[PDB]
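Student: Questions regarding the structure given below will be posed in turn.
Residue numbers (the deposited numbering), protein chains in the order written: chain C, 243 to 303; chain L, 25 to 231; chain M, 7 to 328, 341 to 477, 494 to 598.
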């Protein structure tokens with residue numbers, strides 16, 4: 243709550259897919275999470291790292 | 025049109041109004057006055073007509089009823105005052121009717137009192153609230169009501185006519201009549217009842 | 007209790023029968039040799055003059071024959087029968103004398119009915135006549151209603167003959183008012199000059215007053231020696247008087263010089279969630295967003311048109327019936355450019371949904387609009403008369419079209435659909451086949467610039499542009515608008531500043547809507563960035579919003595308070 247400036251305002255509209263990954267992560271379903279990852283495989287490819295998604299799956303396990 | 029035409033129309037209208045006020049309203053035409061009133065206000069000259077009305081009415085009152093009341097202040101003073109009020113009322117009925125049409129356009133734009141209210145106001149100012157008539161009327165009404173309270177009977181319908189006349193003269197409510205009538209009457213009644221109480225407490229008992 | 011309806015009409019028809027059959031007649035009205043047998047009862051029930059004519063005690067109280075003068079037989083007859091049967095047949099010609107006798111007889115109810123009719127009948131060609139009539143008889147409500155309509159319509163025409171025959175007080179009120187709609191302060195100057203020169207030296211005394219109400223930017227320049235030419239000879243009380251007179255009276259610009267070219271928007275996204283939609287406007291010069299009055303009874307799914315005289319009209323639309343609930347109504351309204359309100363007008367014959375309002379030859383044309391009929395002629399094309407205030411049907415269009423747009427070019431109606439086009443010829447009331455487009459696009463708008471038709475967008495929409503030439507009768511491609519990819523631009527074609535500009539709102543993926551307008555180069559076939567609309571002033575408008583070109587006064591309107 244000491245927060246920031248419009249950085250916060252714009253980025254949440256910006257990084258929807260990462261928020262979408264969190265939403266399915268909250269549903270706690272590795273099968274559904276893996277299906278979403280395949281659906282948005284290219285979206286997370288603009289990261290210079292795809293291992294983090296696999297690490298997210300391992301953390302869910 | 026020209027100023028001569030409207031002046032002639034007003035001059036004959038003033039003559040007709042004066043003739044009506046002289047108890048000679050039988051042989052006079054109403055349509056001609058209504059048409060002349062139609063063409064007088066139509067040219068946007070209602071201010072002159074209203075001012076001329078007030079001057080004519082107050083001149084007639086000062087000349088006729090102001091002298092009549094002062095001339096008969098002891099011979100049927102209240103009877104003459106009621107007759108003059110009735111004559112003023114019955115003359116103002118036709119005066120108002122012609123000028124109520126004038127009032128419809130005038131009072132709704134100029135935001136002034138109607139001619140009937142104007143006549144009541146000028147009658148109050150020039151007759152009832154006169155420097156000599158007001159005190160004389162107050163003294164005589166107190167004298168007769170005190171004599172009536174003494175035990176002997178006097179005329180009572182005339183007083184009801186007088187108070188009703190003053191109530192109508194108020195023209196808004198009970199502002200003028202109450203102050204003019206009650207205030208001297210309360211003082212007169214206060215002393216009369218106080219003296220009556222003082223006499224009774226010594227001449228009788230609680231029985 | 008409410009008094010019984012059944013006995014009321016039974017007595018009422020007996021009032022009429024006793025009038026048409028002359029039986030219980032005690033008083034007869036003698037008007038220009040015409041007998042009017044009637045009753046003292048009915049006459050003074052409606053009239054406030056007959057009550058002072060019969061129950062007054064004058065000579066007429068007993069006389070059974072009255073010679074009513076300065077009245078008309080036809081006006082008296084319709085007034086008498088209205089007092090007897092309650093039917094007031096008001097035409098478009100005898101209302102003038104109807105008011106004259108109504109005021110003469112002081113008959114309150116007919117006075118209100120005819121006043122309301124004159125409120126509806128006020129227009130351009132009788133504004134001066136009605137205002138003088140409203141000045142002759144004190145009808146302040148009509149006088150103020152006229153004066154507002156008078157003020158705008160004089161400045162537009164300022165050539166009517168009844169303007170010369172006006173009272174001095176009326177002219178002073180008209181000229182000194184701050185409600186005049188003029189592109190320049192010189193047209194009112196010459197209007198006053200021609201009025202003063204219309205008559206003889208009777209205008210000399212009023213000239214010292216009429217110039218006292220006009221600004222001083224023309225009380226020292228030309229049109230001062232012209233009066234000296236028209237001055238009465240050897241009059242030395244005027245030439246010297248005006249020489250040293252124009253010191254006071256505080257130069258200040260008027261209000262009519264404040265009509266800026268603005269983009270009027272309707273059915274915009276309402277800021278407060280309590281309301282469904284709202285109406286706003288963008289200022290290309292002031293760079294601000296001024297609010298507008300809500301559509302009449304939140305009239306949604308309507309169409310806009312702006313006449314060459316810069317007048318805004320609303321036709322068609324639907325109102326939520328008293341969850342989905344909407345009923346279509348054929349109500350018509352006119353927008354007041356100064357009072358910021360919508361004045362109702364004569365409704366149409368059929369209800370419409372999203373009608374294409376086009377003005378041509380002073381007639382408002384509404385083409386299609388999802389009519390309620392749906393018969394073989396399921397188009398219901400109909401024009402509106404701004405002169406007689408009525409609607410007249412026109413020639414039906416050859417083909418049934420949906421989601422179409424129409425423009426006016428070369429005094430002809432050009433309506434466009436998915437791929438077909440038909441031109442309406444108002445002089446012969448016929449339709450002629452036009453060129454065929456090679457692309458199937460709909461849900462688009464077109465703007466008429468000069469002698470060309472620019473169909474921008476179509477299907494969200496796209497950046498496809500097909501330019502049609504009236505003189506050439508062919509559809510040709512020019513270019514595509516450079517916009518951000520993976521977006522859904524909302525194109526709006528409009529003509530502004532003698533150029534073809536576009537109001538295109540684009541929305542990126544997971545991004546807020548961005549507002550930007552471009553200027554299309556006619557000779558270079560390229561859209562140039564004319565101005566970028568910052569989001570700090572203009573918020574989201576929606577999708578079903580419409581745009582039109584028009585002029586509005588920033589002084590009468592108020593800025594919309596809303597956070598960036």
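Beta carbons are placed, not taken as given, at the ideal position from N, Cα and C, and that holds for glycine.
#1: If contacts are defined as beta-carbon pairs under 8 Å, then residue 236/M and residue 192/M qualify, I think. What distance do you get, rounded to the angstrom?
#2: Following the continuous alpha helix (DSSP H) through residue 267/M, name the residue where it begins and the one where it ends.
#3: Is residue 222/M closer than 9 Å to residue 584/M when the C-beta atoms are compared?
#4: Using a Cβ-Cβ distance cut-off of 9 Å, determine whether residue 132/M contacts chain C.
#5: Closer than 7 Å by C-beta to residue 82/L: which residues in its own chain qualify, once you throw out the five before and the five after it? Chain order, please.
#6: Which word fits residue 9/M, buried or exposed, when buried means at least 16 other C-beta atoms lie within 10 angstroms of its C-beta?
#7: Which of the three DSSP states is assigned to residue 362/M in this structure?
#8: From what residue to what residue does the alpha helix (DSSP H) around residue 188/M run?
#9: Which residues in chain M have a C-beta closer than 8 Å to the C-beta of residue 27/L? List them in chain order.
#10: Compare the beta carbon distance of residue 93/L and residue 42/L with 9 Å and say whether it is the shorter of the two.
#11: Thinking residue 171/L and residue 178/L are a contact (beta carbons under 8 Å), I'd like their distance in whole angstroms, please.
#12: Could you tell me whether any non-hydrogen atom of the ligand MN is closer than 8 Å to the CB of residue 294/C?
#13: Where do the N-terminal and C-terminal ends of the alpha helix (DSSP H) with residue 116/L fall, by residue?
#14: Judging by CA-CA distance, which residue of 126/L, 121/L, 45/L and 46/L is the nearest neighbour of residue 73/L?
#15: Please report whether the beta-carbon of residue 55/L lies at a distance below 9 Å from any beta-carbon of chain M.
#16: Would you mind reading off the limits of the alpha helix (DSSP H) that contains residue 147/M?
#17: Hey, how far is the Cα of residue 275/C from the Cα of residue 293/C?
#18: Relative to the C-alpha of residue 257/M, which residue among 310/M, 214/M, 103/M and 184/M is closest?
#19: Counting contacts by CB-CB distance shorter than 9 Å, is residue 570/M in contact with chain C?
#20: Check the DSSP bridge columns for residue 309/M and list the partner residues they point to.
#21: From the beta carbon of residue 76/M, is the nearest beta carbon of chain L less than 9 Å away?
#22: Which runs of the alpha helix (DSSP H) spanning at least 4 residues fall entirely within the segment 57-88 of chain M, listed in chain order?
#23: Kindly list, in the order they appear in chain C, the residues whose Cβ is closer than 7 Å to that of residue 545/M.
#24: Along chain L, which residues have their Cβ under 7 Å away from the Cβ of residue 150/M?
#25: If I'm right that residue 525/M touches residue 495/M with Cβ under 8 Å, what's the distance once you round it to whole angstroms?
#26: Anyone know if the C-beta pair for residue 384/M and residue 399/M falls short of 9 Å?
#27: Going by C-alpha distance, which of 263/M, 406/M, 394/M and 592/M is nearest residue 99/M?
#28: Between which two residues does the alpha helix (DSSP H) harbouring residue 259/M extend?
#29: Are the segment 140-153 of chain M and the segment 116-131 of chain M in contact at 8 Å, needing three or more beta carbon pairs?
#30: DSSP on residue 286/C, reduced to helix/strand/coil?
#31: What runs of the alpha helix (DSSP H), each 4 residues or longer, lie entirely inside the segment 139-207 of chain L?
#32: Would the beta-carbon of residue 165/M fall within 9 Å of that of residue 187/M?
#33: When you compare the CB positions of residue 590/M and residue 261/M, do they come within less than 9 Å of one another, or not?
#34: Am I right that residue 105/M and residue 143/M are in contact with their C-beta atoms under 8 Å? What's the rounded C-beta distance?
#35: Taking the Cβ atom as the reference point for each residue, do residue 53/M and residue 113/M lie within a distance shorter than 9 Å?
Tutor: A quick look at the data gives this:
#1: 19 Å between Cβ atoms; not a contact.
#2: Element bounds for residue 267/M: not the alpha helix (DSSP H) but the beta strand (DSSP E), 266-272.
#3: Result no, Cβ atoms of residue 584/M and residue 222/M do not sit closer than 9 Å.
#4: No, residue 132/M lies away from the interface with chain C (no Cβ there is under 9 Å from its Cβ).
#5: Taken in chain order, the residues that qualify are 146 and 150.
#6: The residue in question, residue 9/M, is exposed, as its Cβ has fewer than 16 Cβ neighbours within 10 Å.
#7: It is a strand residue.
#8: Taken as a continuous stretch (DSSP letters only), residue 188/M belongs to no alpha helix (DSSP H), as it is neither H nor E.
#9: Residues of chain M passing the Cβ test: none, with the nearest at roughly 14 Å.
#10: Not closer than 9 Å, so no.
#11: The C-beta separation of residue 171/L from residue 178/L comes to about 6 Å, placing the pair in contact by the 8 Å criterion.
#12: As presented, the structure is devoid of all ligands, the ligand MN included, so that no description of it is given.
#13: For residue 116/L, the uninterrupted alpha helix (DSSP H) segment begins and ends at 101-134.
#14: Of the candidates 126/L, 121/L, 45/L and 46/L, the one whose C-alpha sits nearest the C-alpha of residue 73/L is 126/L.
#15: At a cut-off of 9 Å between C-beta atoms, residue 55/L counts as an interface residue with respect to chain M.
#16: Per DSSP, residue 147/M belongs to the alpha helix (DSSP H) from 146-163.
#17: Looking at the two C-alpha atoms, the distance is approximately 15 Å.
#18: Distance check between residue 257/M and each of 310/M, 214/M, 103/M and 184/M places 184/M closest, using alpha-carbon atoms only.
#19: Interface flag for residue 570/M against chain C is unset, since no Cβ pair is found closer than 9 Å.
#20: 321/M, per the DSSP bridge assignment.
#21: Interface residue, yes.
#22: Taking only runs of at least 4 residues, the alpha helix (DSSP H) segments lying wholly in the segment 57-88 of chain M are 57-60.
#23: Think of a sphere of 7 Å around the beta carbon of residue 545/M: the chain C residues whose beta carbon falls inside it are 255, in chain order.
#24: Within chain L, no residue comes near residue 150/M; the closest Cβ sits about 12 Å away, beyond 7 Å.
#25: That belief holds up - the Cβ atoms of residue 525/M and residue 495/M are roughly 5 Å apart, short of 8 Å.
#26: Against a cut-off of 9 Å, the Cβ pair of residue 399/M and residue 384/M comes out as a contact.
#27: Nearest of 263/M, 406/M, 394/M and 592/M to residue 99/M, Cα basis: 406/M.
#28: Note, residue 259/M: premise wrong, no alpha helix (DSSP H); not H, not E.
#29: Taking 8 Å as the limit for Cβ pairs, the verdict is that the segment 116-131 of chain M does touch the segment 140-153 of chain M.
#30: The answer is coil: DSSP assigns residue 286/C none of H, G, I, E or B.
#31: 139-147, 157-174 and 181-194, all fully within the segment 139-207 of chain L.
#32: No, they are not a contact pair.
#33: Between residue 590/M and residue 261/M, the C-beta gap is smaller than 9 Å, which places the two residues in contact.
#34: Going by Cβ atoms, the distance from residue 105/M to residue 143/M rounds to 7 Å, so yes, they are a contact pair.
#35: Yes, the Cβ-Cβ distance between residue 53/M and residue 113/M is below 9 Å.
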